[PDB]
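Before any questions on binding or motion, here is one chain by itself as structure tokens, the form deposited in one PDB entry.
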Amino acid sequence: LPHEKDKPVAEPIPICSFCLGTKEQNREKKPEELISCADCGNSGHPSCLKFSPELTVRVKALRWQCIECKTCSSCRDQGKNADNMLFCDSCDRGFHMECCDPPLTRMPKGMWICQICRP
């Protein structure tokens, strides 16, 4: 997205916010690189974030935002419906249901792929 290539990235904190380990040690006492929120800089092991290997690869190439920082990729807002924002299971971008193309009135069932990822 043109607006992801444009917001600067915060200084990463080299500690997992969930388990307090570093890149040297996750919850299984194995090394694992962190991913860091572009807006707040806080970090997590992909395994602590419960991300699949495939999702992990994709988010490391994007201006990834944590759960609380996530803004809608269409309207750039969080807003009153923030908590019901959908997260793409391919790239982890957020979309309000009403901001999807086409707009949705009910929550999708199962794994959900966003308008950017779907072919």
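Take the two forms, find the largest set of C-alpha atoms that superpose within 1.5 Å, and that set is the rigid core. All residue numbers are counted from 1 along the displayed sequence.
What comes next is about the form deposited in another entry, which is not displayed.
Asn81 shows a C-alpha shift of 2 Å or greater between the shown form and the other one [criterion: core-superposed Cα displacement of 2 Å]. Relative to the superposed rigid core, the position of the CA of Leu104 differs between the shown form and the other one by 2 Å or more. In the other form, the Cα-Cα separation between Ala38 and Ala82 grows by 3 Å or more relative to the displayed conformation. Inter-residue distance, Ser43 to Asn81 (Cα): reduced by at least 3 Å in the other form versus the depicted form.
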